[PDB]
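Just the one chain here, laid out as structure tokens, in the form deposited in one PDB entry.
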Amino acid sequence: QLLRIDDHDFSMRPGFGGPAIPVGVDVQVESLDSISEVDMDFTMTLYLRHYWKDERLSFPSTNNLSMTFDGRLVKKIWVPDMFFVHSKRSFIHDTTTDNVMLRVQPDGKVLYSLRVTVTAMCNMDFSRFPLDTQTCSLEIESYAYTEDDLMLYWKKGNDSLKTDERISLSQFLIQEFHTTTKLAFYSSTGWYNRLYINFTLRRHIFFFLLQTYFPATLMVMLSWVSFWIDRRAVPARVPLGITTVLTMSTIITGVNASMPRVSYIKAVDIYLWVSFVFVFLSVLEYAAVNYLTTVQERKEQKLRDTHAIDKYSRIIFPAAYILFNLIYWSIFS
């Protein structure tokens, strides 16, 4: 055998009982899979690499080059114990075998690589939905060793993160990958070193525009055509307003089907409910006109053209709606 595995006890780390051992980390991201608003999490696939030195794995040679071993030798040597903090589930791919790489140099330097898929939590804010922007991160830490036993750092600084050129999401734009570091404390175990991978997402607005904003505006404009119809056709003007109200209610109900039940109002809700109020007032206007006409007829009868309300509504309603749209799209850009 080229490696003297049987001569050592690999239940103890290199430098056991002494100074801490440094371990470097390098990463390449392969894909971003899915994003859930109800669960508030994301899924990622990536390659994870480790670097350290262990003098028990030294072997003699003349070329001084790395050699590759098959990968079932991993379970017989010491290996770091990284885990993903705040994750829900994860696994290691194993077809047609375990996706594991092991390379050793003659002096004892080791490279160790894995392929994993992780689901991790992300806390999202929906006050500007669907014109919102989110920030998420992934955290890496050792489970068992404190900073007095294992020192964890990025292998090459800022150059330690790479991404695939094919990374894409159908509903979001991805930008600004970078890495950071921070210490963490547990009240009963000690201090640990954490690594972070940060990125930002921006949602696409076109679908929501065409699917939600256009129909509501069309219904609001459809409510205005009743002001131009003769007031003597009562069963021609009542159903138009009633149907507009019902369709607006259906749109409002259908919009919320995909979202969690948060305790605050979103940007699209304001628009939809203002439109609903506009249509409701349009319905009340004709009732006022009809009542006043009947009262006037009775008063003229007891003594033995267009009403002003319609004429004013024809100008007042569109101007108010246009002003609301100006303010709304200035605030939410």
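Heads up, when I say rigid core I mean the largest set of C-alphas that superpose within 1.5 Å between the two forms. Don't overthink the numbering: it's just position in the shown sequence, from 1.
Across the other PDB entries of this protein whose models span the neighbouring residues, residue 53 is modelled without exception, so it is unmodelled in far fewer than a third. Coordinates for residue 303 are absent from at least a third of the other compared entries of this protein that model residues on both sides of it. Gap check for residue 304 to residue 305: 10 or more deposited residues are absent from the model.
Absent from the display: the form deposited in another entry. The rest refers to it.
Superposing the rigid core between the shown form and the other one leaves a single residue from 187, 258, 158, 96 with a C-alpha shift of at least 2 Å: 258. Relative to the superposed rigid core, the position of the CA of residue 199 differs between the shown form and the other one by less than 2 Å. Remark: with the core as the superposition reference, the CA shift of residue 177 between the shown form and the other one stays below 2 Å. Annotation: Cα of residue 19 displaced by less than 2 Å between the shown form and the other one, core superposition. Legend note: Cα of residue 88 to Cα of residue 257 is at least 3 Å farther in the other form than in the depicted form.
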